[PDB]
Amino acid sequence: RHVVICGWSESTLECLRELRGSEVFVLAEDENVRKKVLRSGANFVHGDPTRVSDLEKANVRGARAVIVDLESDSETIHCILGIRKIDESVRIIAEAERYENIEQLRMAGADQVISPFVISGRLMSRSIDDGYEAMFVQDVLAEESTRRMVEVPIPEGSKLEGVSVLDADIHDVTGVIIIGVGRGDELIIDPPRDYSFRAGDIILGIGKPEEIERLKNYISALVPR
C-alpha cells in the first residue's frame, strides 16, 4: 500500500511530512530535489507527471491515492487525465491555483480539489479582529496536534446502527465533539433528530487520543451474553 505525489511544491512538502511512516513516491521534472525528497521520507522518481509512461513508472497503478500539484492548473489537468488512463479506480486529490479552474480539474477526474488561496482568503476575512478561527483550522488539521480532528467509521453491527445522535450521547460517553458525519458524497453538520447512524458512516470528531479510542470502542457491536 502506497501513495503517489505528482509535483514538488510547498504543499506537497507539507503533505509528505504528514505521511511519515508510510510508503510514498514523488514524481517531478526537477532532478535537483532528490536529496530533500529522500530525507523527507519519500521515494523519488525523476520525470514528467503529464506523461503516462512516467506516471506508470511512479507506481500510479493501484496506488492508494495520487496527489497532484503541478506549477499551473493546465499541467495539473493533463496529469489528472494521464492518471485516469492508467487507473480509473484510483483516488485523485488535486490542488487548484485559480478559482476559475476548479470544475475543469473535477471534469478531468479529480475526486477532490483543494484551493489553498480560497481557504486563505476565507481565513483572511475571518481574521480581522483576532485569529481564533485560523487558530482552530490549524489546531485540528495537523496530525501532530494534541486535540485533533479525526474520522471514525461506524462499523457493521455497531451499537449505534439505527440509533440517533441524541440517543448516542457520544460527547458524554466519549468526550468527542461530533462536528460532522460523512455519508456517501455528502458531509452532514449537526444531524437532525431523524438522522440515525448507518454502518459506513464516517464520524468527523474532535478529541484527545484517549477520547478517540473511547469513541471507537463505544460504536462497536453489542457483546451478547
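Definition used throughout: the rigid core is the maximal C-alpha set that superposes within 1.5 Å between two forms. Residue numbers run from 1 along the displayed sequence.
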item: Divergent stretch in 5 other deposited structures of this protein, 12-20 or 203-211 [C-alpha RMS, superposed by the core]; value: 203-211
item: 139-147 against 96-104 - segment lying farther from this form in 5 other deposited structures of this protein (CA RMS, rigid core fit); value: 139-147
item: 189-197 or 170-178, whichever carries the higher mean Cα B-factor; value: 189-197
item: Between 30-38 and 156-164 (mean CA B-factor, as deposited), the higher; value: 156-164
item: From 101, 146, 120, 127, residue of greatest CA B-factor; value: 146
item: Chain third (lowest, middle, highest) by recorded CA B-factor, residue given as residue 97; value: lowest
item: Relative C-alpha B-factor of residue 138, binned into the chain's lowest, middle or highest third; value: highest
item: CA B-factor ranking of residue 47, expressed as a third of its chain; value: middle
item: Ranked C-alpha temperature factor of residue 88 among modelled chain residues, by third; value: highest
item: CA B-factor ranking of residue 203, expressed as a third of its chain; value: middle
